[PDB]
Every structure is written in C-alpha cells, then in structure tokens.
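K.L.:
Following this: a sequence and the matching experimental structure.
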Amino acid sequence: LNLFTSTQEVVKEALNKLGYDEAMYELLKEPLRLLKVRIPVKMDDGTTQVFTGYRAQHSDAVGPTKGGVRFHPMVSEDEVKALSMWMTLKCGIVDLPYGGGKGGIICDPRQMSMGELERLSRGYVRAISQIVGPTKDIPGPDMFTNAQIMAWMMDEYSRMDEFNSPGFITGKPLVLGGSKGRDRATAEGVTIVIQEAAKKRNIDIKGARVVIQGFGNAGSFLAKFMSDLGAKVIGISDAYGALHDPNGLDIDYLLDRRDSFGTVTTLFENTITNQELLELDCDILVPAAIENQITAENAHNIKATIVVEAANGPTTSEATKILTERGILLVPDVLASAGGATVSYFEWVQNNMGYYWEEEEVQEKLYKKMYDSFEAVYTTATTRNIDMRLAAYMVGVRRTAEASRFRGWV
Amino acid sequence: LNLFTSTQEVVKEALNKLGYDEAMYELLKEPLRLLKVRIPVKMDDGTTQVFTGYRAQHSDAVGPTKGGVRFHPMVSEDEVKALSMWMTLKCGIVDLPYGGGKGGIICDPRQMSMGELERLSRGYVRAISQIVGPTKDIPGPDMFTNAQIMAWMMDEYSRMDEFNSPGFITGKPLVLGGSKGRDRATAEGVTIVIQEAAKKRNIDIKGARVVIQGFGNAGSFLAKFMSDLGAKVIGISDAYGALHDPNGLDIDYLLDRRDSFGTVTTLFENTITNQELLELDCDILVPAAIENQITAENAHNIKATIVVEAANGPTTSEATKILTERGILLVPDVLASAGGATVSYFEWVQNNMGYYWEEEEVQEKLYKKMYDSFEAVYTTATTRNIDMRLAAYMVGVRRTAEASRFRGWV
Amino acid sequence: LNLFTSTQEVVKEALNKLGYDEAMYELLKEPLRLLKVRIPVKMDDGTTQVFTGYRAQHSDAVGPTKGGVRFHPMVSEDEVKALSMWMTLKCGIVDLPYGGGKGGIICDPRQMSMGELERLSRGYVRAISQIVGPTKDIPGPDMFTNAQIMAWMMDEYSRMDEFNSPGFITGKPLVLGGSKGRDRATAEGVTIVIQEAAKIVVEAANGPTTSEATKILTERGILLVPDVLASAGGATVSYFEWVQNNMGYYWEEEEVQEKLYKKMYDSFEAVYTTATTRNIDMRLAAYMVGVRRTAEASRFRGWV
Ligand SMILES: NC(=O)c1ccc[n+]([C@@H]2O[C@H](COP(=O)([O-])OP(=O)(O)OC[C@H]3O[C@@H](n4cnc5c(N)ncnc54)[C@H](O)[C@@H]3O)[C@@H](O)[C@H]2O)c1
Ligand SMILES: NC(=O)c1ccc[n+]([C@@H]2O[C@H](COP(=O)([O-])OP(=O)(O)OC[C@H]3O[C@@H](n4cnc5c(N)ncnc54)[C@H](O)[C@@H]3O)[C@@H](O)[C@H]2O)c1
C-alpha cells in the first residue's frame, strides 16, 4: 500500500513501454532534489515549537517544477516524493513546461491559530527559499492550505527578494496576481472530458443514462451539469446510500434538500446501496466519491459504456484492466482533474507577462488544453492498444524522458 | 474574540437588564454539567481509535435539556458549552419546557466509513447514557449528523433501556417516530416572522416590496414564498452580484437558472452591487447571506421598514443600535430561526404521547409558537425601549432565571 | 394448511415485492422473542394445575409490540407466532407505532370458574412480566378473554409495579382507563372501508377468499378489500386506549369516532394506491403496506 514505491512502479512501466532504458528509470525513480527542513515557530503561548517541512523537486528537465504544499499531521517524506512525481505526470499529460514539485509540513493546522499558521507559512518559505522561486519551483495550495496561506508565502518570498514576485506561488488572491477562472477549473475539466468521452462512443448527452457516485462539491456540480444537458441522471449516492430513478432523478429537488455536508440519502426511505448504484445499467458512470470503489470484485458487473473518474483513485489496478478489455472507455483521474494544474500554469504565465486575462479567456484557453490532452491520451491508448491510464502515464512521462536525454542527463 | 466568553457576555447583559443579582449569572455562566468522554471505536482496518466526546447540559431548571450533536474536527469544549447556552436562549424565546444542551465529537466524518460512524454513534450513546434520556437530555442532528445517525443513537439507547425510547432523541426517521412538518421548519419559521412583523407595521404583504440578500438554500426558498404570497421581490443576490426589478423579479424564472452553488447573477450582467441591493427602498429587507452585511457604514442608509435576519450575525452591534434608533423593526436571527427547535420539541411531545401529528397540524402549531415568540420579544423590546436583539436574549434567559430562583438554586 | 408457514410465505412475498433481500425475511420470518411459561394455579378443590403460556413479540423495530391473549384448548406455539406476525401487518396497515405481539394459554376457560380464571390471569402476568409493559409489549383481549380478564391482568401488573400502569393492557373497563368507542370499533372499520370502496367486495375478517378466487375477482376488475385491512378498527381503538393511558387524558366517543374514520380512510387509500400503481391484488398490496414500516425500521436501526 506504500504510495511512493507504488508511484515508482507507475513511472517504470511507462518509461519501459515508451522504450527508454534502465538508466532513464534510475534518473526518474527519485526526485533530483529533496529538501528536509526544521522551522522554529513562536507559538501564541510563547513557546517555540519546531516543525518538520519538506520540498521535493522531481525533475526540472522540462522547466521549473510545480506542485502544492499541504499541512497535515500524516505528511511524510515518501508522501511528498511520490506526489512530486505525480505532479510531473499531471503537468505532462496537459503539456506544460513544468516538472513536478511538492511540499509538506508535519502539523495539525486545525489546531493552530491564524498567527501561528502565518508564522509557519513564512518560516517555511524562509527555510526553502534557496531552491524555489518563479524560475525554479512554484508551490501552490493543497490540503489545509488556501489563498491566504499562498498570500503569506508570497509576501515572505517577495520581502526576501526586495521586489514583488507573484509568480513564486500560484493560487493567490486576485489582488495579488491570482488568476480568474481558478475555482471551477478542475470541475470544468471533468465536464470537457465527459463530453469528449461521449463523442468517442457517439453517445448524445441529452437523454443518456448517467449515474454519479457522491453528492458533495464534485458530485452536486456534476449531477447538475448533466441534468441541464438534458441527460437522465438515473442514480446518485451518498456515504449513507443511493437513489435510483429509471426515468432520471429530479436533481434540482435533491440539490435543494441536501445538507451542507453532502448528504441527502438520509431523508429518504426507499434507498438502494452504493454497490448496486455502481452496477446500474447506464451510459456514463462518474465515480465522484472516494477511492477503491471499482475493484476486482465488481469490475465485471459495472455496465457503463464510459467511466470518468472524478474522485481520485476510485478504480483499482486489476479493475482497470478488466474494464478496458470489456470495451469500456475509462478516463483516468490524472487526466480528468488536470484542469486545476492547467489554470495554475495560466496564473504563472500571467505573472510572467504582468497582464491578466478575463474569465472568458481563461475558459477558452482551459478548454483547448483539456480537449487536446484527452485526444493525446485517447490516441496513445488506441494506437498502442493499452488502457487509458497507462497511456496517460506514458503521455505524462515522455516529455521528461525526452528532455533528460536531449540535455545529456542520460 | 472567543465564542464562549462572548456567549457569557450575552447572558450577563440579559440577566442584568432583567434585574437579577450577580449570583444568577454565577449559576448560568457555565453549564451545570459537562461530560467529557473518551470513546473507543473499532475501525474497518481492525485498529482501535479513541475519540473525544462532549455533552453539555446548561440548565435543567425549566425541564430536560435540549440540543444537537455535531461530528466535526473543530469541536471544542468551549464551543459545546457556548452552544448549549445558546440552546437555553432559543428554547426560552419560543417558550419550550426545555433548557439548553449540546454535544460534539472530535472526528472527521469525511475520513470514516458508514460502519465507523455507526459504531462511533453507538459508543457515544453508551458513553453518556447515564446522564441523557427522554426525561433528562434530548439530543438531535447538527453538523455532519442526520436522521441515520439519530436512528443509530436511538437504537443504542433503546437497547440499553430494554424498551423503545423514541423521545430520547429527535430528528429521527418518520418510521422511528420523527415528526412530519420538519424539513423546512426553520425556513417556514422566518416566513411566519416576516408576515407577523409586516402586520405590526400595518403592511400588506400581498403587495409589499421584498429584498432578499442571498440565493442559496434559504434565499431561494424565502424568495419563492414571498413571490407566492403576492409580494414583489424587487431584489435578490448571490456572491457575484445582485438583480433589481422595481416591479418584481420573477422568482420562478430565476430558480430555473440556478447553478447548484446558488448563483444566478452571472447569467445577466445587467447587475447591481450587493451594497446597492441593501440600500434599495422597500418594506422588508431579508439578509439571508453571510454575515456583517448591515454595519455602521450601511445601516444609516438601509431603507426597509423591516429587517428580518435569516442568516446568523448579518447585522453588527453598532448597526443594531442604529436601525433601532431609526425606528426599523429588526427581527434578530436567534428568534427568526427558532422554528427548527420548535419542531424538534413537537417531535418530543409526540414521542411522549405515542401519538403523531399530520403535516397541517404541525404547521398550525408552528405558526402559533412563532407568532407568540415574535409577540413576546416585540413586547419586551417595546415596553423597555430597547432593541429587539437584547429583548430576544432577555426572553430567552428569563424562564431559566425565574425557575432557578423558584426551585431554590439561588 | 399450517397457519405459520402460510404466514411466513405472506411475509416473504410482500418483502420480495417491496425489494428487500433475503436477510430482511430472515429477520422477520420468526419473532425476535418468544417466551414459553408454566403457570401453577390453585384450583377450587385445593389442587395445583400447571398451565402452558406463550407470549410472542414479532418485531419491536417500530415501537412496543401489541396483540391479544387467547385462552383456548387448541392454543399452540405456531398459532401464537403466526398471529403476532399478522399483528405486525394489521398495525402496519393502520400505520400504528407498534410492532406485532400475541399470547396464549392452553386452557379451557369454560371448564374453569371465575376464581380459577383470575388466578390463571394473574399467574400469566407474573410469568411474563419481565418482558411486558406499557413501553415494551401491550396485550389485550382475544378468544375467551374480555374486559374482566384485562382488569385482573392490569391489577396484577400494577401491584408488581407498585403503581397503576393502565397502559399495560387494552380492553380495560372504562373506570380502569379503557376507551370509549371500543365495542363498535371493528364493525365500524368495515363500515368505513365499504364507504371509501364507493369512489366491490369487502371481506369478513376470518379469511373467506382463496388464493385463486382473489386472482379471478381482481382480473375481472372487481375491487376487493382484504380482511387484514377491513378488520383493522379493533387494533386502531386499542391504540387509542394506549395513547389515552399515556396522556392520562380520555376522549369522548365522538372524538374516538372522528379519529377512527380518518385512520381507516388513510389505510384504504394506501392499500388502494399500492394495488393500482403496481397492478396487484389488494390483499398483496395490504401485506406490503403492513410489513413496509417494520422493514424500513429494521434497516434504519442497523438490524440488517
Ligand atoms: N471537481 C472534481 O471533480 C474534483 C476535484 C478534486 C477532487 N475530487 C475528488 O472527488 C472526491 C470527492 O470530492 P468532493 O470535494 O466532492 O468531496 P466532498 O467531501 O465535498 O463530497 C464527498 C461525497 O462523497 C460521499 N461519500 C463519502 N464516502 C462515501 C462512500 N464510501 N461511498 C459513497 N459515497 C461516499 C459523501 O457522503 C459526499 O456525498 C474525492 O475523492 C476527491 O479526491 C474531485
Ligand atoms: N459547513 C459549515 O461549516 C457551515 C457553516 C455555516 C453554515 N452552514 C449551513 O449552511 C447552510 C446555509 O444556508 P444558506 O441559505 O446560507 O445557503 P448557501 O450557503 O448554500 O448559499 C448562500 C447564498 O449566499 C450567497 N452569498 C455568499 N456571499 C455573499 C455575499 N457577500 N453577498 C451576497 N450573497 C452572498 C451565495 O452565493 C448563495 O447565493 C445552512 O444549513 C447552515 O446551517 C454550514
């Protein structure tokens, strides 16, 4: 179950199918740089608490590295190293001039005050500033970090520099150089990939039977988005149960009666199980709940033409192979959710020029990137007769392998 | 700064204006009981996790205490204490035979399965059963809890009793003794207070000018209600702007353009600002969005005869003094939102009798309870020449202080 | 033939058409608790006779259980089990906060004296008291039991409690907390399903139609009102006696009548709807409305 060694296997199988040699795996199986730091913080009670921080930079062969920072009690070195590698793949799937980066601090932010989080954000930037910046390694928001933390981190970096460096970090508030169209960008990308998968199977959304798992932020918005496309949303589900209407659920009713924590099954008596919801006959199954939802146990039972992953990691390895050889078009999470990294990149470009796009322009620019990435992965999947996940990994890693070779590193 | 100490300040000022001694505040400033439990739960991986739970019972002078149980990572002992005191004030305002209670468990329900939450729910009932029950302390839903969690807790308690105790806990499924007429109880309650405030100012609702700020859950509901009663809803808003039509905005058409975050403004961009929305001349202004919308800078320029808080804290203290000085009838949020507690109470009564009311009967009784509360707070404010928020507080504490004296506790 | 297996298949068909799976039938096909007792009674000639008694509590997922007590030479464990399950269904149809219960003593009341019957009635309450009472299991009259039997069992329970618990047992005399409108109740129930049948065959509560005759009558577009629905006035007024006992407040015949009509009204439009929207006979639609609430409760509470 170890993430990092599992991530290495992803890189190894993709470099190996691309035809690169053992030397190339050895170069890419670990970050080029990993910086571990100890950040003293003056806490609100006057004691100094010392926090462990990490910043991984996987490969900068293609450009500066990119990836967010998370504040979690369970952050580890192996976690940060693995996710920096996943960032490399995410950037390449959508063709950014970026290698993968990642940072983490071991702390419980929910147990710290405003002033403590700011002082820890500043001390983090102080601790790593020698290897980061607009041209080296660009952090961004992640678990338990948000625009205010990006704003403190930017101010600290810019004071050290003696000038404004908004391109240091992405996810900034608008007034600090943030990018319009940033909040919806991941979900909008799932919307493009859904509509692009539908064309590949010549499935008209209007009247198509679609079931989505989950009814929180991702699931609310995806059930509403397909209901307004005229599609029939015959199933939605909760942590507590699921709903099924062969004629299509009244999404606007559920939407109205849901509570602020993504639950709505609870109001209802007639209720079906999540496991039965996944096995419903439908055109588009969209898992938007949680991981390991389609497994070797139900992979032969799901009868959807298209499965777009909105949750992270909802299909297991053996289930992915079972789905592809049943003809099902599986769009992997690492492609479906690439809208967030793409708009991070747009923010950094705006900071480089000093000129800022309108929302309609970011959307236009965001749409083509997704439309183009989907086609790159789909074409690699079908040309090489592989599942779209491995094809996505291959598209994800090949720029870094090509650049590493050209620059003389292998 | 802090909610508990801020809640202590509210109880102190109310008891002071009612005329009690310093002893009465010494009795009421902290809950009579506070139970902190540790709950071990078997997790799905087989390990054991030990969770922290709290149950606060503010004052049982008037009857058993009443209040919900929240499952949140940010639950704290001071928060549970302070909210129990708020439940006393609520139960007082609407004249229930209850005192204030509340619970909380420090967990992240988002990282827990359905089985983990059930076992935690049963372990919490087990851990506090000695001091709660139909006649002692009656819990209910709150943040991250729901009718399924109430069903589990009611089952655990009944198992412990060796007989069915539906009145232990409210928010139950109907098949386990919950109340009809519950789902929109809080929103119906604001609707009653708006109409009753309107008749005080001798305003015909059937042609009145209504401005609502916010267009999510509450704003969308209030707007359709006012639209139906014949009111002209001349303004609505969301986070991105506001719409204005002097003759009525056509709510049914707007409720169809909603995007699942409760946004409608982006589609028009012949839009007015939130600031201007709030100062439009009208009869009934209803801030049903965020907080601190009516402030010292705002309040001199609001033009509504009546302001009904349908969100928590949208009017500041400075602003509250001003609207009272300008002769605007302000309905505080602690009063306008009391319908959820009222219908909680009706579920408990029906449990006591073993007899259950139709939707219509629950509605009739809810109206009379909300009218009587509005009338009681209006008479305290008008008789003492004070603002309605301080009057609401005073009605809310009055019964507990009168009962505490009568039973000899002070 | 055997009432019990016959009733198990009734539950089985209704559960399966409502969509639950086998585990709900496994929970609901036998009672959660069945208590068999031996009651020593002193007879008039100074001898001791020992009697067998049963109490069946089918399911309390919805609330305390409810059903009558019969004194009969042919009382049997299977009869008592099966009849408590019919109580679940009768309560479900009128939408009562009750599960099904039933009890019986194997005895010949006609060959017993008044004194003997009282000493038996008391020994029954003492035998089963640990699992009965106004919040757990509420008995009542049935074959060869009546108000006087109920008064003796109520008095024995109260004595054991050290306080009056009228809510223990229904069919009590008025002066002991019984309900007005009771003697008419079951008859009025039929009188009311007849009247809503207007907007037509109404059964006589024993079980007078065979499986195939209900198939022929329904396929001929003739409306049928099953026994388990039309007889439900008795269970309804029973519930009203309990609620009045819970309050300590007692209604006039007029009000007991208004509330009985409303209940039989809704119970007819629930079975009628269920037969029209699913194109089934009303008897099967009645078993479904009867077992529905108990099924959903067992599911919410975590039992299956
Ligand atoms: N916009 C996107 O598509 C997007 C972006 C980022 C992440 N995600 C992923 O989507 C998933 C949900 O994200 P979110 O913001 O909607 O979360 P959320 O917490 O707001 O909503 C989660 C939903 O999943 C349900 N759920 C939880 N456990 C479940 C279970 N075992 N079975 C079924 N349903 C269950 C919850 O009850 C709720 O309805 C996560 O895996 C996350 O990584 C999606
Ligand atoms: N999850 C939590 O921690 C949490 C916290 C507070 C409340 N809640 C719950 O959330 C629900 C809130 O109901 P609601 O009716 O407020 O719905 P909502 O939050 O779904 O929508 C609120 C509306 O206000 C709008 N809005 C936001 N900022 C605005 C601004 N500055 N000016 C004008 N409009 C603005 C939103 O766009 C939307 O139209 C309640 O159930 C409440 O108990 C949850």
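P.N.:
Arrived safely, thanks for sending. Numbering: from 1, shown residues only, chains lettered A, B, ... in the order given. Ligands and ions are numbered 1, 2, ... in the order given.
K.L.:
nearest residue to whichever residue of the stretch 51-200 of chain A sits closest to ligand 1 other than its sequence neighbours?
P.N.:
Proximity of the stretch 51-200 of chain A to ligand 1 (Cβ to the nearest ligand atom) peaks at residue A:187, 3.7 Å away. Every residue, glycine included, has its C-beta placed from N, CA and C. Of all residues not flanking residue A:187 in the chain, residue A:221 sits nearest, at 5.2 Å (Cβ to Cβ, 6 or more residues apart in numbering or on different chains).
K.L.:
so what's the one you found up against?
P.N.:
A:187, B:260, B:261 (Cβ atoms under 8 Å, 6 or more residues apart in numbering or on different chains).
K.L.:
Now do the SS call for it.
P.N.:
Following DSSP: H, G, I helix; E, B strand; the rest coil, residue A:221 is assigned to helix.
K.L.:
For it, give its distance to chain C.
P.N.:
From residue A:221 across to chain C, the span is 29 Å (Cβ to the nearest Cβ, to the nearest Å).
K.L.:
Pull up the residues of chain A that are close to chain B.
P.N.:
A:110, A:220-221, A:223-224, A:239-240, A:252, A:255-257, A:259-261, A:263, A:265-267, A:269 (Cβ under 8 Å from any Cβ of the partner chain).
K.L.:
Show me what the strand or helix carrying residue A:27 is packed up against.
P.N.:
Element membership of residue A:27 [criterion: DSSP states H and E] is helix A:22-28. Packing partners of helix A:22-28 (3 or more Cβ pairs under 8 Å, 6 or more residues apart in numbering or on different chains; DSSP states H and E): helix A:3-18, helix A:388-406.
K.L.:
ok, now how distant is the residue of the stretch 51-200 of chain A closest to ligand 1 from residue A:213?
P.N.:
Distance, residue A:187 to residue A:213, using Cβ to Cβ, to the nearest Å: 15 Å.
K.L.:
For those two, indicate the residue with more neighbours.
P.N.:
In this view residue A:187 and residue A:213 are compared by other Cβ atoms under 10 Å in any protein chain shown, and residue A:213 has more residues nearby, 26 against 20.
K.L.:
So which of the residues of chain A next to chain B sit within helices?
P.N.:
Of these, the ones assigned to helices by DSSP state H are A:220, A:221, A:223, A:224, A:252, A:255, A:256, A:257.
K.L.:
Contact partners for the fifth one?
P.N.:
If I follow you right, that is residue A:252. Applying Cβ under 8 Å, 6+ apart to residue A:252 gives the contacts A:224, A:227, B:258.
K.L.:
quick one on the thing from earlier: include mean neighbour count when you put the helices and strands packed on helix A:22-28 into a markdown table, please.
P.N.:
Shown next, in a markdown table, are the helices and strands packed on helix A:22-28 (neighbours: other Cβ atoms under 10 Å in any protein chain shown):
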| stretch | mean neighbour count |
| --- | --- |
| helix A:3-18 | 17 |
| helix A:388-406 | 23 |
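K.L.:
mind checking which helix or strand residue A:283 is in?
P.N.:
Using DSSP H and E, residue A:283 maps to strand A:281-287.
K.L.:
list the buried ones in that strand?
P.N.:
Buried residues in strand A:281-287, counted by 16 or more other Cβ atoms under 10 Å in any protein chain shown: A:282, A:283, A:284, A:285, A:286, A:287.
K.L.:
can you list contacts of that strand?
P.N.:
The contact list for strand A:281-287 (Cβ under 8 Å, 6+ apart) reads A:190, A:194, A:197-198, A:203, A:208-214, A:222, A:226, A:231, A:234-235, A:278, A:293-294, A:302-311, A:314-315.
K.L.:
Can you flag the buried ones in those?
P.N.:
Neighbour-count burial (16+ other Cβ under 10 Å) applied to the contacts of strand A:281-287 gives A:190, A:194, A:197-198, A:203, A:208-214, A:222, A:226, A:231, A:234-235, A:278, A:293-294, A:302, A:304-311, A:314-315.
K.L.:
Let's see which of these end up in strands.
P.N.:
Judged by DSSP state E, the buried ones among the contacts of strand A:281-287 include A:209, A:210, A:211, A:212, A:213, A:234, A:235, A:304, A:305, A:306, A:307, A:308 as members of strands.
K.L.:
tell me, how many neighbours does residue A:240 end up with?
P.N.:
Residue A:240 has 18 neighbouring residues, counting by other Cβ under 10 Å.
K.L.:
Ok, residue A:220 next?
P.N.:
When counting by other Cβ under 10 Å, one arrives at 23 neighbours for residue A:220.
K.L.:
ok, for it, nearest residue in space, not its chain neighbours?
P.N.:
residue B:260 (5.1 Å).
K.L.:
Can you name the residues bridging to the closest residue to residue A:268 other than its chain neighbours?
P.N.:
Among residues not flanking residue A:268 along the chain, residue A:243 sits closest, at 6.7 Å (Cβ to Cβ, 6+ apart). When bridges are called by DSSP bridges, residue A:243 pairs up with residue A:236.
K.L.:
residue contacts, residue A:125?
P.N.:
By Cβ under 8 Å, 6+ apart, residue A:125 lies in contact with A:132, A:153, A:156, A:157, A:160.
K.L.:
Mind listing what's buried along the helix or strand harbouring residue A:105?
P.N.:
Using DSSP H and E, residue A:105 maps to strand A:99-106. Within strand A:99-106, the residues that count as buried by 16+ other Cβ under 10 Å are A:99, A:100, A:101, A:102, A:103, A:104, A:105.
K.L.:
Would you check how far apart residue A:56 and chain C are?
P.N.:
Counting by Cβ to the nearest Cβ, the gap from residue A:56 to chain C is 45 Å.
K.L.:
Next up, the contacts around that residue.
P.N.:
Contacts of residue A:56 (Cβ under 8 Å, 6+ apart): A:31, A:33, A:34, A:35, A:67, A:80, A:81, A:83, A:84, A:101, A:102, A:103.
K.L.:
how about 7 Å then?
P.N.:
Residue A:56 makes contacts with A:31, A:34, A:80, A:81, A:84, A:101, A:102, as judged by Cβ atoms under 7 Å, 6 or more residues apart in numbering or on different chains.
K.L.:
mind listing the helices for chain A?
P.N.:
Under the criterion DSSP H, chain A contains helices at A:3-18, A:22-28, A:77-93, A:114-128, A:147-161, A:185-200, A:217-228, A:251-257, A:274-278, A:317-324, A:333-336, A:339-353, A:359-383, A:388-406.
K.L.:
Okay, angle between the last one and strand A:99-106 too, please.
P.N.:
So that's helix A:388-406. Angle of helix A:388-406 versus strand A:99-106, following axes from the mean of the first three to the mean of the last three Cα atoms, to 10 degrees, is 110 degrees.
K.L.:
From the contact counts, what lies against helix A:388-406?
P.N.:
Judged by 3 or more Cβ pairs under 7 Å, 6 or more residues apart in numbering or on different chains; DSSP states H and E, helix A:388-406 is in contact with helix A:3-18, helix A:22-28, helix A:77-93, strand A:329-331, helix A:333-336, helix A:359-383.
K.L.:
What residues of the third one count as buried?
P.N.:
So that's helix A:77-93. For helix A:77-93, a neighbour-count test (16+ other Cβ under 10 Å) marks A:79-93 as buried.
K.L.:
go on, the second one?
P.N.:
Residues of helix A:22-28 classed as buried under the neighbour-count rule (16+ other Cβ under 10 Å) are A:24, A:25, A:27, A:28.
K.L.:
Most widely separated two among those residues?
P.N.:
Largest separation among the buried residues of helix A:22-28 by Cβ to Cβ: A:25 and A:27, giving 7.3 Å.
K.L.:
show me the contacts for residue A:82.
P.N.:
By Cβ under 7 Å, 6+ apart, the contact list for residue A:82 reads A:3, A:4, A:7.
K.L.:
ok, now residue A:124?
P.N.:
Residue A:124 is in contact with A:39, A:53, A:105, counting by Cβ under 7 Å, 6+ apart.
K.L.:
Not counting its neighbours along the chain, what's nearest the first one?
P.N.:
Put plainly, it is residue A:39. residue A:123 is the one closest to residue A:39 (Cβ to Cβ, 6+ apart), at 4.0 Å.
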